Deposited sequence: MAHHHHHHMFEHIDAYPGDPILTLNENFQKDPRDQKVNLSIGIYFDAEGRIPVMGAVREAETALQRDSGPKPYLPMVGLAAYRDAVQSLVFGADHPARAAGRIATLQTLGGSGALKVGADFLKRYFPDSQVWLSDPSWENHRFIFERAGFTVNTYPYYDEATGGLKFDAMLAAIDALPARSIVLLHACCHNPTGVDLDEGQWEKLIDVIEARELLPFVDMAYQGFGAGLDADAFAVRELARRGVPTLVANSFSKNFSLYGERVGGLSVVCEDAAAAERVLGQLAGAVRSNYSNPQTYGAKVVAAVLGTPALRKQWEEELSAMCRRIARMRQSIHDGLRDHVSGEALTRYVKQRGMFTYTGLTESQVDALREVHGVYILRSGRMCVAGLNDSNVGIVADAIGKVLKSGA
């Protein structure tokens, strides 16, 4: 009876939901519950640049020794340059410790474990709402986790005054998890003016910003999407940055990401990098080779770098086209502003749980109970069907 007290892990309602979508016999059914990018044909793409890199890497069959704890040197440098910009002063001054991680998740974990060890009495604050695994990772890492106001139910927008006042009230060294852009699940983002005002507070109150940038390239392009990170670093604010290549390389299953920490000087950055390697040593020893070689080859080969940025920008524009298409489709029925104001792969539709049920059962369109829709699930084959469905449900009243 050694494991008689091990409780069963709670079933995943999304899995159940997708099982119901599969059994659904209706030809016009639409699934917008899976939060990943699909292309114009509703497929998960293999990016041209990625395929081309893999092809080149294939003609190089060599041994696979252990990587350093911090991962591949070329990868780390490419990632740091991509995130902060090649010309970033914090990069030139050696104030940034960067390592290869297992997706954005791995970066959050390594960061959390480092922070718990050196800031054990700090607590963590996330947005209301936030990515479903933020609370899980940081609570299991040993942190008390709290929330700050963020999404505005009434507007489909941002409670910036309430967000700013809550964060302004935090004690020094409070860890504040922030979406860089393309908020998951709501799609509600700060503008660059709100960002500056938030950084004023974060700096003055000596807080610890942990920026989660999982969608660099899906909001307004690679550079604008990293504004929060780059502006924090230009102003010398102690910042951790977790970036994911799952979405913008379409490499979800090869687990590639980065963790960067911006420190007060190069000496500090090197001590921090060593302790981040320490967190890795206590976890998985060292990261994997395949995905990092692909990413490093794409970012570091100008022809491939260009091909990658081009396809990613086309992905960015396709989502924006779908936002406009569903918006215009809804105008034909019954504040649709949220659909074009929100950004990235997700939108908080503001539909009630009942309306979500109706959308599914009556109109065969599947979104989350929270009202989260994955805009990337929209294409020419279904955007009319969806806009019609949601328009009818909204018009009929809550």
*Unmodelled intervals of the deposited chain, in order*: 1-7, 342-344
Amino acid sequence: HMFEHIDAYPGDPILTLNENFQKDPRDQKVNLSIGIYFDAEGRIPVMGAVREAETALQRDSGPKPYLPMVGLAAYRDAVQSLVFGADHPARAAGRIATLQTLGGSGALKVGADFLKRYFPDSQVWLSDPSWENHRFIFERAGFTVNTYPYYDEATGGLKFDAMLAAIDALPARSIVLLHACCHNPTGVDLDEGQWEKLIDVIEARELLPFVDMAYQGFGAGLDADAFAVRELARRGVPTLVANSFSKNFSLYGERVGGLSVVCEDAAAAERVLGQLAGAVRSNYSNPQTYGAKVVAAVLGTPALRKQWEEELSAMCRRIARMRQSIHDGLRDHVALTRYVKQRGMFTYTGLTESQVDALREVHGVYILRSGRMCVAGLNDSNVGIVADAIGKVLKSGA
From here on, numbers count along this sequence of modelled residues.
*Would you tell me which stretch averages the higher CA B-factor in the PDB entry, 224-232 or 137-145?*
137-145
*asked:* Going by the mean C-alpha B-factor recorded in the entry, which is higher: 69-77 or 152-160?
replied: 152-160
*Which of 238, 85, 94, 302 ranks first by CA B-factor in the deposited coordinates*: 302
*Return the residue from 113, 192, 265, 121 that has the highest Cα B-factor in the entry.*
121
*Among the chain's modelled residues, which third holds the C-alpha B-factor of residue 196?*
lowest
*Against its chain's modelled residues, does residue 253's Cα B factor rank lowest, middle or highest third?*
middle
_Using the temperature factors of the C-alpha atoms in this entry, rank residue 309 within its chain: lowest, middle or highest third._
middle
_Where does the C-alpha B-factor of residue 215 rank in its chain, lowest, middle or highest third?_
lowest
*When the modelled residues of the chain are sorted by Cα temperature factor, does residue 131 land in the lowest, middle or highest third?*
highest
